[PDB]
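Student: Before I ask anything, here is the structure I am working with.
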Amino acid sequence: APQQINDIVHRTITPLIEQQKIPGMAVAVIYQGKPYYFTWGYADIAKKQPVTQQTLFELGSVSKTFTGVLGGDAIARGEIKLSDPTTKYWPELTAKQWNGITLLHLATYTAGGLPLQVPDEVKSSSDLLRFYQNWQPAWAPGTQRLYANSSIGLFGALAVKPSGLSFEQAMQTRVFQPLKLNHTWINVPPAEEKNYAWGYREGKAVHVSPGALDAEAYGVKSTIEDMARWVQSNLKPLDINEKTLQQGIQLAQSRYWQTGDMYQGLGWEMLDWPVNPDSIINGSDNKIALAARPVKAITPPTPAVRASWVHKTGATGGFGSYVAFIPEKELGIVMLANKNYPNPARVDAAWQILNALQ
Ligand SMILES: CC(=O)Nc1sccc1C(=O)O
Ligand SMILES: CC(=O)Nc1sccc1C(=O)O
């Protein structure tokens with residue numbers, strides 16, 4: 001890379017790895033639209049396997065950006081509308097509390113208090129129905145935001161029903177393949193297991209366990225190269241040839257709700273750029289097990305704003321990921337690690353790098 005990029009990346013990330021005791025890390029910087037890659041450490045400590053540009057990391061909740069864009073693409077196809085009632089796509093959801101809860105509300109965590117996690121005891125599909133039928137909202141729809149896998153997870157599941165494709169097949173054919181993300185997976189194939197990093201939690205090697213709505217909320221695994229391509233695609237969507245996918249990306253970066261300085265997209269979250277680094281560093285949270293926030297509706301939503309800090313954090317038990325980009329500056333970063341280390345340290349490092357290059 002240009003020496004400036006080399007130096008800011010290394011001077012930020014070396015100390016981060018030391019301080020956080022991260023076994024392995026990969027970083028991509030997108031600068032003037034071109035990617036530059038960096039790797040450190042171990043994908044598998046026991047087997048002494050290094051992190052490489054081909055190593056697969058669990059994205060955790062960064063997966064929600066894929067779900068939001070896949071939903072955006074279904075909207076663009078005319079298959080679904082965000083104003084549609086949830087019950088249009090799950091007619092068995094007859095319980096009256098669902099009256100008035102739209103796909104928008106599911107996608108944006110504003111349904112009225114759907115919980116962070118789908119319970120482990122929810123195995124079967126009938127368990128899933130029972131779970132949602134019995135859930136009682138604390139709040140009216142469109143009034144408070146509570147970040148929730150059970151919310152965006154169900155959005156993803158419903159969004160693909162008109163297509164008749166499984167969520168995985170829809171994601172593959174409509175998002176991964178067109179964008180040439182050929183090493184991005186909901187289920188890691190045997191061919192790629194050699195490249196699948198272990199996550200580390202309390203020193204133990206761990207991979208994400210199966211759960212209801214996992215694919216839709218937290219289940220993608222990817223390489224630093226594919227994630228750089230993901231950022232490039234999101235930086236310049238109107239350069240994507242597939243018309244519905246281009247529109248879906250723009251829909252996912254549109255601003256639907258505001259809480260403080262932050263705006264809620266479909267998967268993506270956004271702040272106006274230039275951002276106050278304290279507004280995103282400290283705002284990256286999560287350490288807080290549950291933070292319920294009143295939201296202001298943006299009526300109608302603001303189409304994707306170029307002058308934004310667009311970002312998403314993600315974790316699993318053994319991994320911590322972060323993506324941020326600024327369309328206006330054709331600048332972005334991806335940080336993938338096989339330890340779940342504090343969000344504020346992620347955002348701080350990302351800020352330092354992008355601020356230096358801006
Ligand atoms: C900045 C911010 O959070 N504004 C909010 S949250 C809920 C309502 C409003 C408002 O401005 O009405
Ligand atoms: C999606 C998921 O499993 N997330 C987990 S497991 C343990 C911690 C976390 C997190 O997101 O902090």
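Residue names in the structure tokens use chain letters A, B, ... in the order shown, residue numbers from 1 in each chain, and ligand numbers from 1 in the order shown.
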Report as a count of residues only which protein, DNA and RNA residues come within 12 Å of ligand 1, using only C-alpha atoms and all ligand atoms.

Tutor: 21

Student: Write out, as a Markdown table, each residue of chain A that has an atom at most 7 Å from ligand 2, together with the closest pair of atoms and their distance in Å to one decimal, counting only C-alpha atoms and all ligand atoms, rows going by chain and rising number.

Tutor:
| residue | atom | partner | partner_atom_place_in_ligand_line | distance |
| --- | --- | --- | --- | --- |
| A:60 | CA | ligand 2 | 1 (C) | 5.3 |
| A:61 | CA | ligand 2 | 1 (C) | 6.2 |
| A:208 | CA | ligand 2 | 3 (O) | 6.6 |
| A:218 | CA | ligand 2 | 1 (C) | 5.3 |
| A:286 | CA | ligand 2 | 12 (O) | 6.8 |
| A:314 | CA | ligand 2 | 11 (O) | 6.2 |
| A:315 | CA | ligand 2 | 11 (O) | 4.2 |
| A:316 | CA | ligand 2 | 4 (N) | 3.8 |
| A:317 | CA | ligand 2 | 7 (C) | 3.8 |
| A:340 | CA | ligand 2 | 12 (O) | 6.7 |

Student: Using only C-alpha atoms, which protein or nucleic acid residues come within 7 Å of region 305-308 of chain A? Drop anything in the same chain fewer than 3 positions from it, and give the result as a list in words.

Tutor: residues 270, 271, 272, 273, 326, 327 and 328 of chain A

Student: Write out the residues from the selection above, keeping C-alpha atoms, as a PDB file, in the first residue's frame.

Tutor:
ATOM      1  CA  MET A 270     -25.712   6.051   9.722  1.00  0.00           C
ATOM      2  CA  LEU A 271     -24.560   9.358  11.132  1.00  0.00           C
ATOM      3  CA  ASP A 272     -23.998  12.617   9.302  1.00  0.00           C
ATOM      4  CA  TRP A 273     -20.369  13.109   8.252  1.00  0.00           C
ATOM      5  CA  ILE A 326     -18.123   7.401   3.902  1.00  0.00           C
ATOM      6  CA  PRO A 327     -19.641   7.494   0.408  1.00  0.00           C
ATOM      7  CA  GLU A 328     -18.678  11.189  -0.129  1.00  0.00           C
TER       8      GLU A 328
END

Student: Please give the complete set of residues from region 49-129 of chain A that DSSP, run on the backbone, assigns to alpha helix (DSSP H), formatted as a PyMOL selection string.

Tutor: chain A and resi 63-76+86-89+103-107+125-129

Student: Enumerate, as a PyMOL selection string, the complete set of residues in region 103-329 of chain A that a backbone-based DSSP assignment places in strand (DSSP E).

Tutor: chain A and resi 144-145+184-185+199-201+204-206+221-222+255-259+262-264+269-272+293-294+296-302+308-315+320-326

Student: Can you work out which one of A:131, A:40, A:268, A:31 has the shortest atom-to-atom distance to residue 323 (chain A), counting only C-alpha atoms?

Tutor: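 Once distances to residue 323 (chain A) are computed over only C-alpha atoms, the minimum belongs to A:268.
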
Student: Kindly give the distance, in Å, that separates CA of residue 69 (chain A) and CA of residue 88 (chain A), rounded to a single decimal.

Tutor: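 Answer for the CA of residue 69 (chain A) to CA of residue 88 (chain A) separation: 20.6 Å.
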
Student: Write out as a PyMOL selection string the residues lying within 9 Å of residue 13 (chain A), counting only C-alpha atoms and excluding same-chain residues fewer than 5 positions away.

Tutor: chain A and resi 8+18+25+27+349

Student: Hey, can you spit out that residue selection with C-alpha atoms as a CSV table (one decimal), in the first residue's frame?

Tutor:
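result_26.csv written:
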chain,number,residue,atom,x,y,z
A,8,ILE,CA,-1.8,4.6,9.8
A,18,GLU,CA,-1.8,-6.2,21.9
A,25,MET,CA,-7.1,-10.0,12.5
A,27,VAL,CA,-8.2,-5.3,7.8
A,349,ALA,CA,-9.5,2.4,15.7

Student: Quick one: contact table of region 2-118 of chain A to region 199-207 of chain A, 9 Å max, nearest atom pair and distance in Å to one decimal per residue, counting only C-alpha atoms, chain and number order, as a Markdown table?

Tutor:
| residue | atom | partner | partner_atom | distance |
| --- | --- | --- | --- | --- |
| A:22 | CA | A:200 | CA | 8.6 |
| A:23 | CA | A:200 | CA | 7.7 |
| A:43 | CA | A:199 | CA | 8.0 |
| A:44 | CA | A:205 | CA | 8.1 |
| A:45 | CA | A:205 | CA | 8.6 |
| A:57 | CA | A:199 | CA | 8.1 |
| A:58 | CA | A:199 | CA | 8.0 |

Student: Those residues you just picked out, can you put them in a file as a compact mmCIF listing (two decimals), in the first residue's frame with N, CA and C atoms?

Tutor:
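What follows is the written file out-v6.txt:
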# COMPACT_ATOMS: atom_id res chain seq x y z
N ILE A 22 -6.00 -10.02 20.81
CA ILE A 22 -6.69 -10.59 19.66
C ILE A 22 -5.80 -11.60 18.96
N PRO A 23 -6.26 -12.85 18.84
CA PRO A 23 -5.38 -13.82 18.19
C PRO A 23 -5.05 -13.58 16.73
N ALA A 43 -5.46 -17.61 12.57
CA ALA A 43 -6.81 -18.12 12.35
C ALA A 43 -7.11 -19.31 13.24
N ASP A 44 -6.06 -20.09 13.48
CA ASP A 44 -6.17 -21.30 14.32
C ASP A 44 -4.88 -21.39 15.13
N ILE A 45 -4.97 -21.13 16.42
CA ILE A 45 -3.78 -21.07 17.29
C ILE A 45 -3.14 -22.46 17.42
N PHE A 57 -14.05 -15.28 8.48
CA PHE A 57 -14.42 -14.87 9.79
C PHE A 57 -15.96 -14.87 9.90
N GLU A 58 -16.46 -15.15 11.11
CA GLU A 58 -17.88 -14.97 11.40
C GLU A 58 -18.14 -13.47 11.50

Student: For residue 265 (chain A), find every residue with an atom within 7 Å (counting only C-alpha atoms), except residues of its own chain fewer than 3 positions away, and show them as number ranges by chain.

Tutor: A: 108, 252-256, 268-269

Student: So, counting only C-alpha atoms, which residue among A:300, A:164, A:267, A:189 is closest to residue 217 (chain A)?

Tutor: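 Selected residue with least distance to residue 217 (chain A): A:267.
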
Student: Write out as a PyMOL selection string which residues come within 12 Å of residue 220 (chain A) when counting only C-alpha atoms, dropping same-chain ones fewer than 4 positions away.

Tutor: chain A and resi 56-67+167-168+171-172+176+181+183-188+196+208+213-216+226-227+314-316+319+321

Student: Produce a file of the selected residues containing N, CA and C atoms, as a short mmCIF file (atom, residue, chain, number, x, y, z; two decimals), in the first residue's frame.

Tutor:
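After the write, out10.cif holds the following:
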data_model
loop_
_atom_site.label_atom_id
_atom_site.label_comp_id
_atom_site.auth_asym_id
_atom_site.auth_seq_id
_atom_site.Cartn_x
_atom_site.Cartn_y
_atom_site.Cartn_z
N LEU A 56 -11.80 -17.04 6.48
CA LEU A 56 -13.20 -16.75 6.75
C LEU A 56 -13.37 -16.40 8.22
N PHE A 57 -14.05 -15.28 8.48
CA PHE A 57 -14.42 -14.87 9.79
C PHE A 57 -15.96 -14.87 9.90
N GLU A 58 -16.46 -15.15 11.11
CA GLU A 58 -17.88 -14.97 11.40
C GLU A 58 -18.14 -13.47 11.50
N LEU A 59 -19.04 -12.95 10.66
CA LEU A 59 -19.39 -11.53 10.72
C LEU A 59 -20.31 -11.16 11.87
N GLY A 60 -20.98 -12.15 12.46
CA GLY A 60 -22.01 -11.82 13.43
C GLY A 60 -23.03 -10.83 12.87
N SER A 61 -23.39 -9.84 13.67
CA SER A 61 -24.43 -8.93 13.26
C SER A 61 -24.11 -8.05 12.05
N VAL A 62 -22.86 -8.04 11.58
CA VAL A 62 -22.62 -7.34 10.31
C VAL A 62 -23.43 -8.05 9.19
N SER A 63 -23.79 -9.31 9.41
CA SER A 63 -24.71 -10.03 8.52
C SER A 63 -26.00 -9.23 8.23
N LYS A 64 -26.45 -8.44 9.21
CA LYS A 64 -27.69 -7.71 9.05
C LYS A 64 -27.63 -6.75 7.88
N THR A 65 -26.43 -6.30 7.50
CA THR A 65 -26.30 -5.43 6.33
C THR A 65 -26.69 -6.21 5.05
N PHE A 66 -26.28 -7.46 4.96
CA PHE A 66 -26.69 -8.31 3.85
C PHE A 66 -28.21 -8.53 3.87
N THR A 67 -28.77 -8.81 5.05
CA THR A 67 -30.22 -8.99 5.17
C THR A 67 -30.98 -7.74 4.73
N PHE A 167 -34.01 -18.39 2.29
CA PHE A 167 -33.22 -17.20 2.55
C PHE A 167 -31.81 -17.35 1.98
N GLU A 168 -31.18 -18.48 2.23
CA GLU A 168 -29.83 -18.73 1.72
C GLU A 168 -29.74 -18.68 0.18
N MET A 171 -30.14 -15.11 -0.93
CA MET A 171 -28.96 -14.32 -0.67
C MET A 171 -27.84 -14.62 -1.69
N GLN A 172 -27.64 -15.91 -1.95
CA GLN A 172 -26.64 -16.38 -2.92
C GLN A 172 -26.88 -15.82 -4.29
N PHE A 176 -24.87 -12.23 -3.22
CA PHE A 176 -23.47 -12.68 -3.30
C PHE A 176 -22.99 -12.86 -4.74
N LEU A 181 -19.10 -12.07 -4.67
CA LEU A 181 -18.66 -12.45 -3.32
C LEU A 181 -18.67 -13.97 -3.29
N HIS A 183 -16.58 -16.10 -1.81
CA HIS A 183 -16.09 -16.69 -0.59
C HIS A 183 -16.82 -16.09 0.60
N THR A 184 -18.13 -15.94 0.44
CA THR A 184 -19.07 -15.46 1.46
C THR A 184 -20.19 -16.48 1.53
N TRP A 185 -20.52 -16.85 2.76
CA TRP A 185 -21.32 -18.05 3.01
C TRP A 185 -22.21 -17.90 4.21
N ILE A 186 -23.41 -18.45 4.12
CA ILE A 186 -24.30 -18.65 5.26
C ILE A 186 -23.91 -19.95 5.98
N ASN A 187 -23.61 -20.98 5.17
CA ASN A 187 -23.11 -22.25 5.68
C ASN A 187 -21.77 -22.50 5.02
N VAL A 188 -20.72 -22.60 5.81
CA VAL A 188 -19.39 -22.76 5.24
C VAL A 188 -19.29 -24.16 4.58
N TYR A 196 -11.60 -21.54 7.48
CA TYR A 196 -12.56 -21.04 8.47
C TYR A 196 -11.81 -20.86 9.78
N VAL A 208 -19.84 -20.29 15.93
CA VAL A 208 -21.24 -19.96 16.22
C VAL A 208 -22.11 -21.21 16.18
N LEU A 213 -33.40 -18.37 13.04
CA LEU A 213 -33.17 -17.10 12.36
C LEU A 213 -31.70 -16.66 12.40
N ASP A 214 -30.78 -17.61 12.58
CA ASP A 214 -29.35 -17.30 12.59
C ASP A 214 -28.85 -16.71 11.25
N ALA A 215 -29.26 -17.30 10.13
CA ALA A 215 -28.79 -16.87 8.82
C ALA A 215 -29.14 -15.39 8.63
N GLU A 216 -30.35 -15.05 9.06
CA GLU A 216 -30.93 -13.75 8.80
C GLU A 216 -30.38 -12.65 9.72
N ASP A 226 -13.73 -10.33 0.19
CA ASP A 226 -15.15 -10.16 -0.14
C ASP A 226 -15.76 -8.99 0.63
N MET A 227 -15.33 -8.77 1.88
CA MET A 227 -15.89 -7.69 2.65
C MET A 227 -15.48 -6.35 2.06
N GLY A 314 -20.48 -6.04 14.66
CA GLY A 314 -21.03 -7.37 14.77
C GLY A 314 -20.17 -8.29 15.59
N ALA A 315 -20.80 -9.23 16.26
CA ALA A 315 -20.09 -10.21 17.04
C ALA A 315 -20.78 -11.53 17.05
N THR A 316 -19.97 -12.54 17.33
CA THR A 316 -20.47 -13.80 17.84
C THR A 316 -19.69 -14.12 19.13
N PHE A 319 -15.98 -13.93 17.82
CA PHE A 319 -15.54 -13.00 16.75
C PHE A 319 -16.07 -11.61 16.99
N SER A 321 -16.39 -7.95 14.59
CA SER A 321 -16.27 -7.34 13.27
C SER A 321 -16.77 -5.90 13.31
#
